[PDB]
>>> print(open('work17.json').read())   # JSON, C-alpha atoms and all ligand atoms
[["chain", "number", "residue", "atom", "x", "y", "z"],
["A", 1, "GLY", "CA", 0.55, 6.50, 18.02],
["A", 2, "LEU", "CA", -3.03, 7.22, 16.98],
["A", 3, "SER", "CA", -5.80, 8.20, 19.36],
["A", 4, "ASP", "CA", -8.93, 6.08, 19.66],
["A", 5, "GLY", "CA", -10.74, 8.79, 17.66],
["A", 6, "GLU", "CA", -8.14, 8.66, 14.92],
["A", 7, "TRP", "CA", -8.35, 4.87, 14.66],
["A", 8, "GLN", "CA", -12.13, 5.14, 14.34],
["A", 9, "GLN", "CA", -11.63, 7.57, 11.46],
["A", 10, "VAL", "CA", -9.14, 5.22, 9.79],
["A", 11, "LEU", "CA", -11.48, 2.26, 9.95],
["A", 12, "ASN", "CA", -14.43, 4.36, 8.79],
["A", 13, "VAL", "CA", -12.43, 5.45, 5.71],
["A", 14, "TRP", "CA", -11.44, 1.83, 5.18],
["A", 15, "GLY", "CA", -15.13, 0.94, 4.72],
["A", 16, "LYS", "CA", -14.90, 2.75, 1.39],
["A", 17, "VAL", "CA", -12.08, 0.47, 0.31],
["A", 18, "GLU", "CA", -13.90, -2.66, 1.52],
["A", 19, "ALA", "CA", -16.93, -1.89, -0.67],
["A", 20, "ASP", "CA", -14.73, -2.29, -3.76],
["A", 21, "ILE", "CA", -11.37, -3.80, -2.76],
["A", 22, "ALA", "CA", -10.43, -4.83, -6.29],
["A", 23, "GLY", "CA", -11.19, -1.41, -7.81],
["A", 24, "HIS", "CA", -9.32, 0.47, -5.10],
["A", 25, "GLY", "CA", -6.41, -1.98, -5.27],
["A", 26, "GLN", "CA", -6.19, -1.70, -9.04],
["A", 27, "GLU", "CA", -6.19, 2.10, -8.91],
["A", 28, "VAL", "CA", -3.57, 2.19, -6.17],
["A", 29, "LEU", "CA", -1.17, 0.04, -8.19],
["A", 30, "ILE", "CA", -1.84, 1.96, -11.40],
["A", 31, "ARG", "CA", -1.15, 5.25, -9.60],
["A", 32, "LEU", "CA", 2.08, 3.72, -8.26],
["A", 33, "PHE", "CA", 3.28, 2.29, -11.58],
["A", 34, "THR", "CA", 2.39, 5.29, -13.75],
["A", 35, "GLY", "CA", 3.79, 7.81, -11.28],
["A", 36, "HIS", "CA", 6.92, 5.76, -10.63],
["A", 37, "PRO", "CA", 7.76, 3.42, -13.53],
["A", 38, "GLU", "CA", 10.80, 2.02, -11.70],
["A", 39, "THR", "CA", 8.34, 0.36, -9.31],
["A", 40, "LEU", "CA", 6.95, -1.76, -12.12],
["A", 41, "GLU", "CA", 10.42, -3.26, -12.56],
["A", 42, "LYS", "CA", 10.20, -4.85, -9.12],
["A", 43, "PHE", "CA", 7.32, -6.92, -10.51],
["A", 44, "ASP", "CA", 8.52, -9.41, -13.10],
["A", 45, "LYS", "CA", 4.85, -10.28, -13.60],
["A", 46, "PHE", "CA", 3.91, -6.70, -14.53],
["A", 47, "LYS", "CA", 6.91, -5.73, -16.69],
["A", 48, "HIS", "CA", 4.97, -6.55, -19.86],
["A", 49, "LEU", "CA", 2.48, -3.80, -19.05],
["A", 50, "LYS", "CA", 3.69, -1.12, -21.42],
["A", 51, "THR", "CA", 0.63, 1.15, -21.32],
["A", 52, "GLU", "CA", -1.93, 2.24, -18.76],
["A", 53, "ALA", "CA", -4.64, 0.65, -20.93],
["A", 54, "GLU", "CA", -2.79, -2.63, -20.52],
["A", 55, "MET", "CA", -2.62, -2.04, -16.76],
["A", 56, "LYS", "CA", -6.36, -1.34, -16.57],
["A", 57, "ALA", "CA", -7.13, -4.45, -18.64],
["A", 58, "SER", "CA", -4.93, -6.70, -16.50],
["A", 59, "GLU", "CA", -6.93, -9.16, -14.42],
["A", 60, "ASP", "CA", -3.79, -10.18, -12.58],
["A", 61, "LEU", "CA", -3.01, -6.60, -11.59],
["A", 62, "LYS", "CA", -6.48, -6.33, -10.06],
["A", 63, "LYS", "CA", -5.89, -9.63, -8.27],
["A", 64, "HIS", "CA", -2.61, -8.40, -6.81],
["A", 65, "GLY", "CA", -4.28, -5.14, -5.79],
["A", 66, "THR", "CA", -6.76, -7.19, -3.79],
["A", 67, "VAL", "CA", -3.94, -9.11, -2.11],
["A", 68, "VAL", "CA", -2.12, -5.88, -1.23],
["A", 69, "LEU", "CA", -5.12, -4.05, 0.22],
["A", 70, "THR", "CA", -6.40, -7.12, 2.06],
["A", 71, "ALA", "CA", -3.03, -7.40, 3.81],
["A", 72, "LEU", "CA", -2.99, -3.69, 4.63],
["A", 73, "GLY", "CA", -6.58, -3.85, 5.88],
["A", 74, "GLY", "CA", -5.70, -6.69, 8.26],
["A", 75, "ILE", "CA", -2.85, -4.59, 9.60],
["A", 76, "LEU", "CA", -5.00, -1.46, 10.04],
["A", 77, "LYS", "CA", -7.67, -3.35, 11.96],
["A", 78, "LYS", "CA", -5.03, -4.19, 14.59],
["A", 79, "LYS", "CA", -4.86, -0.46, 15.44],
["A", 80, "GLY", "CA", -1.08, -0.49, 15.81],
["A", 81, "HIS", "CA", -0.82, -3.91, 17.47],
["A", 82, "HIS", "CA", 0.43, -5.44, 14.26],
["A", 83, "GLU", "CA", 3.87, -6.92, 14.97],
["A", 84, "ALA", "CA", 2.87, -10.45, 13.89],
["A", 85, "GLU", "CA", 1.18, -9.21, 10.71],
["A", 86, "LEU", "CA", 3.78, -6.63, 9.77],
["A", 87, "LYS", "CA", 7.05, -8.47, 10.49],
["A", 88, "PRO", "CA", 6.69, -11.12, 7.72],
["A", 89, "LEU", "CA", 5.70, -8.46, 5.16],
["A", 90, "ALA", "CA", 8.66, -6.28, 6.06],
["A", 91, "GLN", "CA", 10.94, -9.28, 5.78],
["A", 92, "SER", "CA", 9.57, -10.56, 2.45],
["A", 93, "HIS", "CA", 9.70, -7.05, 0.97],
["A", 94, "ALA", "CA", 13.29, -6.45, 2.07],
["A", 95, "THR", "CA", 14.81, -9.88, 1.49],
["A", 96, "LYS", "CA", 12.85, -11.39, -1.39],
["A", 97, "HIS", "CA", 11.28, -8.48, -3.26],
["A", 98, "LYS", "CA", 13.98, -5.87, -2.58],
["A", 99, "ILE", "CA", 11.55, -2.97, -2.15],
["A", 100, "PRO", "CA", 13.21, 0.23, -0.92],
["A", 101, "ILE", "CA", 11.25, 2.05, 1.79],
["A", 102, "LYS", "CA", 10.89, 4.93, -0.70],
["A", 103, "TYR", "CA", 8.49, 2.76, -2.67],
["A", 104, "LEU", "CA", 6.35, 2.24, 0.43],
["A", 105, "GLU", "CA", 6.23, 6.03, 0.70],
["A", 106, "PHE", "CA", 5.09, 6.13, -2.94],
["A", 107, "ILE", "CA", 2.31, 3.59, -2.36],
["A", 108, "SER", "CA", 1.18, 5.35, 0.83],
["A", 109, "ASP", "CA", 0.80, 8.60, -1.12],
["A", 110, "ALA", "CA", -0.98, 6.68, -3.88],
["A", 111, "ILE", "CA", -3.60, 5.45, -1.39],
["A", 112, "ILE", "CA", -4.34, 9.03, -0.30],
["A", 113, "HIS", "CA", -4.62, 10.09, -3.92],
["A", 114, "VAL", "CA", -6.96, 7.23, -4.83],
["A", 115, "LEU", "CA", -9.24, 7.93, -1.86],
["A", 116, "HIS", "CA", -9.71, 11.54, -2.99],
["A", 117, "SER", "CA", -10.04, 10.53, -6.64],
["A", 118, "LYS", "CA", -12.72, 7.92, -6.00],
["A", 119, "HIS", "CA", -14.52, 9.86, -3.24],
["A", 120, "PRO", "CA", -14.03, 13.55, -4.04],
["A", 121, "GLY", "CA", -15.50, 15.77, -1.34],
["A", 122, "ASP", "CA", -16.05, 12.71, 0.84],
["A", 123, "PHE", "CA", -12.53, 12.23, 2.26],
["A", 124, "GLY", "CA", -12.48, 14.96, 4.88],
["A", 125, "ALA", "CA", -9.53, 16.74, 6.42],
["A", 126, "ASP", "CA", -9.82, 14.79, 9.68],
["A", 127, "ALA", "CA", -10.00, 11.53, 7.72],
["A", 128, "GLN", "CA", -6.93, 12.37, 5.64],
["A", 129, "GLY", "CA", -5.01, 13.23, 8.81],
["A", 130, "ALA", "CA", -5.93, 9.95, 10.49],
["A", 131, "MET", "CA", -5.28, 7.75, 7.46],
["A", 132, "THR", "CA", -1.95, 9.51, 6.92],
["A", 133, "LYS", "CA", -0.91, 8.75, 10.51],
["A", 134, "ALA", "CA", -1.88, 5.11, 10.08],
["A", 135, "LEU", "CA", 0.12, 4.76, 6.88],
["A", 136, "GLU", "CA", 3.11, 6.51, 8.46],
["A", 137, "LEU", "CA", 2.98, 4.11, 11.42],
["A", 138, "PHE", "CA", 2.86, 1.17, 8.98],
["A", 139, "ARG", "CA", 5.82, 2.53, 6.99],
["A", 140, "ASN", "CA", 7.79, 3.42, 10.09],
["A", 141, "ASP", "CA", 7.42, 0.00, 11.66],
["A", 142, "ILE", "CA", 8.50, -1.57, 8.36],
["A", 143, "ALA", "CA", 11.47, 0.83, 8.33],
["A", 144, "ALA", "CA", 12.54, -0.44, 11.77],
["A", 145, "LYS", "CA", 12.55, -4.01, 10.41],
["A", 146, "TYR", "CA", 14.48, -2.85, 7.33],
["A", 147, "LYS", "CA", 17.13, -1.31, 9.59],
["A", 148, "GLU", "CA", 17.42, -4.56, 11.56],
["A", 149, "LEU", "CA", 18.19, -6.33, 8.28],
["A", 150, "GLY", "CA", 20.51, -3.57, 7.07],
["A", 151, "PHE", "CA", 18.34, -3.27, 3.98],
["A", 152, "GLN", "CA", 18.40, -0.15, 1.85],
["A", 153, "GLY", "CA", 17.50, -1.29, -1.66],
["B", 201, "LIG", "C1", 0.73, -1.29, 1.32],
["B", 201, "LIG", "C2", 1.95, -1.78, 1.06],
["B", 201, "LIG", "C3", 2.13, -3.23, 0.58],
["B", 201, "LIG", "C4", 1.51, -4.32, 1.03],
["B", 201, "LIG", "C5", 0.47, -4.42, 2.16],
["B", 201, "LIG", "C6", 1.99, -5.44, 0.25],
["B", 201, "LIG", "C7", 1.58, -6.74, 0.37],
["B", 201, "LIG", "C8", 2.03, -7.82, -0.36],
["B", 201, "LIG", "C9", 1.65, -9.20, -0.16],
["B", 201, "LIG", "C10", 0.59, -9.67, 0.85],
["B", 201, "LIG", "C11", 2.34, -9.95, -1.02],
["B", 201, "LIG", "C12", 2.34, -11.49, -1.17],
["B", 201, "LIG", "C13", 3.05, -12.14, 0.02],
["B", 201, "LIG", "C14", 4.50, -11.73, 0.16],
["B", 201, "LIG", "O1", 5.30, -11.97, -0.78],
["B", 201, "LIG", "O2", 4.89, -11.23, 1.25],
["B", 201, "LIG", "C15", 3.20, -9.07, -1.77],
["B", 201, "LIG", "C16", 4.05, -9.47, -2.77],
["B", 201, "LIG", "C17", 4.87, -8.65, -3.50],
["B", 201, "LIG", "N1", 5.02, -7.29, -3.32],
["B", 201, "LIG", "FE1", 4.00, -6.11, -1.99],
["B", 201, "LIG", "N2", 2.95, -4.98, -0.64],
["B", 201, "LIG", "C18", 3.04, -3.61, -0.48],
["B", 201, "LIG", "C19", 3.86, -2.77, -1.19],
["B", 201, "LIG", "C20", 4.69, -3.13, -2.23],
["B", 201, "LIG", "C21", 5.43, -2.23, -3.08],
["B", 201, "LIG", "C22", 5.43, -0.70, -2.95],
["B", 201, "LIG", "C23", 6.08, -2.99, -3.99],
["B", 201, "LIG", "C24", 6.99, -2.56, -5.16],
["B", 201, "LIG", "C25", 7.14, -1.29, -5.53],
["B", 201, "LIG", "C26", 5.80, -4.38, -3.69],
["B", 201, "LIG", "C27", 6.28, -5.46, -4.38],
["B", 201, "LIG", "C28", 5.93, -6.77, -4.23],
["B", 201, "LIG", "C29", 6.40, -7.85, -5.08],
["B", 201, "LIG", "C30", 7.39, -7.76, -6.25],
["B", 201, "LIG", "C31", 5.70, -9.10, -4.58],
["B", 201, "LIG", "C32", 5.78, -10.51, -5.18],
["B", 201, "LIG", "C33", 5.05, -10.62, -6.51],
["B", 201, "LIG", "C34", 4.99, -12.05, -6.99],
["B", 201, "LIG", "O3", 5.93, -12.84, -6.74],
["B", 201, "LIG", "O4", 3.98, -12.41, -7.65],
["B", 201, "LIG", "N3", 4.93, -4.42, -2.62],
["B", 201, "LIG", "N4", 3.01, -7.78, -1.34],
["B", 202, "O", "O", 2.71, -5.77, -3.29]]
>>> encode(input="work17.json", output="structure tokens", more="lines below")
Ligand code: HEM
Ligand SMILES: [O-]
Amino acid sequence: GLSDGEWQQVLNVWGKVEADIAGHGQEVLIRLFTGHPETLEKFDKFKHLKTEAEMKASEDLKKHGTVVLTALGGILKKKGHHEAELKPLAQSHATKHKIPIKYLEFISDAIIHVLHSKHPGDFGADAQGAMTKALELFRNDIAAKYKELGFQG
């Protein structure tokens, strides 16, 4: 798990996201979709987005970014004690949305990228380490639920 010090770092970094949840959420999804176009195909509601300009101009993409980061934020503030919050997400993403765990790796990496891109020189090495641990814990606990379900993709 994470130490108390590491959790404090995670939640301090998260304050950056909370100051502009929509902007961070938008950029995370754009980084995901542009880096990994196959991910867009999991979203029937974003398939029409054929250019990054269209992605940037999409109100609905910003809205979904807010939904995604709000859910993740709720999970992070549990400091690992997130079974009730994480179980339903793991199950909707495996059974309804059919999201391979690889894509959760992609979005985790996208969050780290966006934090550096929006806050260059202000996302320190200790902060990256702590946030990375938190995202790995999130992904790993989802992975355990995926295995229960026998879900691969
Ligand atoms: C930080 C990781 C993620 C979080 C916290 C998250 C959260 C959410 C939430 C809260 C919802 C709405 C409720 C639900 O259906 O369970 C949702 C819907 C959805 N998610 Fe995610 N998600 C994440 C990653 C991903 C990834 C990587 C993909 C695809 C590559 C994905 C695809 C979808 C799809 C297709 C829906 C439904 C869209 C719709 O019907 O309008 N999610 N997600
Ligand atoms: O999502």
>>> residues_near_point(input="work17.json", point="(2.4, 6.4, -14.2)", cutoff="12 Å", atoms="all atoms listed in the file", output="PyMOL selection string")
chain A and resi 27-40+49-53+55-56+106+110
>>> residues_near_ligand(input="work17.json", ligand="ligand O 202 (chain B)", cutoff="8 Å", atoms="only C-alpha atoms and all ligand atoms", output="list in words")
residues 64, 65, 67 and 68 of chain A
>>> closest_residue(input="work17.json", among="A:71, A:57, A:112, A:127", to="residue 10 (chain A)", atoms="all atoms listed in the file")
A:127
>>> closest_residue(input="work17.json", among="A:118, A:145, A:102, A:42", to="residue 88 (chain A)", atoms="only C-alpha atoms")
A:145
>>> closest_residue(input="work17.json", among="A:15, A:5, A:73, A:153", to="ligand LIG 201 (chain B)", atoms="all atoms listed in the file")
A:73
>>> atom_distance(input="work17.json", atom1="CA of residue 21 (chain A)", atom2="CA of residue 108 (chain A)")
15.9 Å
>>> closest_residue(input="work17.json", among="A:149, A:111, A:137, A:131", to="residue 98 (chain A)", atoms="all atoms listed in the file")
A:149
>>> closest_residue(input="work17.json", among="A:121, A:129, A:100, A:150", to="ligand LIG 201 (chain B)", atoms="all atoms listed in the file")
A:100
>>> residues_around(input="work17.json", residues="residue 63 (chain A)", least_positions_apart="3", cutoff="9 Å", atoms="only C-alpha atoms", output="PDB file with C-alpha atoms, in the coordinates of the input")
ATOM      1  CA  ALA A  22     -10.430  -4.830  -6.290  1.00  0.00           C
ATOM      2  CA  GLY A  25      -6.410  -1.980  -5.270  1.00  0.00           C
ATOM      3  CA  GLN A  26      -6.190  -1.700  -9.040  1.00  0.00           C
ATOM      4  CA  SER A  58      -4.930  -6.700 -16.500  1.00  0.00           C
ATOM      5  CA  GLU A  59      -6.930  -9.160 -14.420  1.00  0.00           C
ATOM      6  CA  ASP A  60      -3.790 -10.180 -12.580  1.00  0.00           C
ATOM      7  CA  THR A  66      -6.760  -7.190  -3.790  1.00  0.00           C
ATOM      8  CA  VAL A  67      -3.940  -9.110  -2.110  1.00  0.00           C
ATOM      9  CA  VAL A  68      -2.120  -5.880  -1.230  1.00  0.00           C
TER      10      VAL A  68
END
>>> closest_residue(input="work17.json", among="A:135, A:72, A:142, A:94", to="ligand LIG 201 (chain B)", atoms="all atoms listed in the file")
A:72
>>> atom_distance(input="work17.json", atom1="CA of residue 44 (chain A)", atom2="CA of residue 116 (chain A)")
29.6 Å
>>> atom_distance(input="work17.json", atom1="CA of residue 62 (chain A)", atom2="CA of residue 143 (chain A)")
26.7 Å
>>> axis_aligned_box(input="work17.json", around="ligand LIG 201 (chain B)", padding_each_side="5 Å", output="JSON")
{"center_x": 3.9, "center_y": -6.8, "center_z": -2.7, "size_x": 16.9, "size_y": 22.1, "size_z": 19.8}
>>> residues_around(input="work17.json", residues="residue 74 (chain A)", least_positions_apart="6", cutoff="10 Å", atoms="all atoms listed in the file", output="list in words")
residues 82, 85 and 86 of chain A
>>> residues_near_point(input="work17.json", point="(-8.4, 0.6, 8.4)", cutoff="7 Å", atoms="all atoms listed in the file", output="list in words")
residues 10, 11, 13, 14, 73, 76 and 77 of chain A
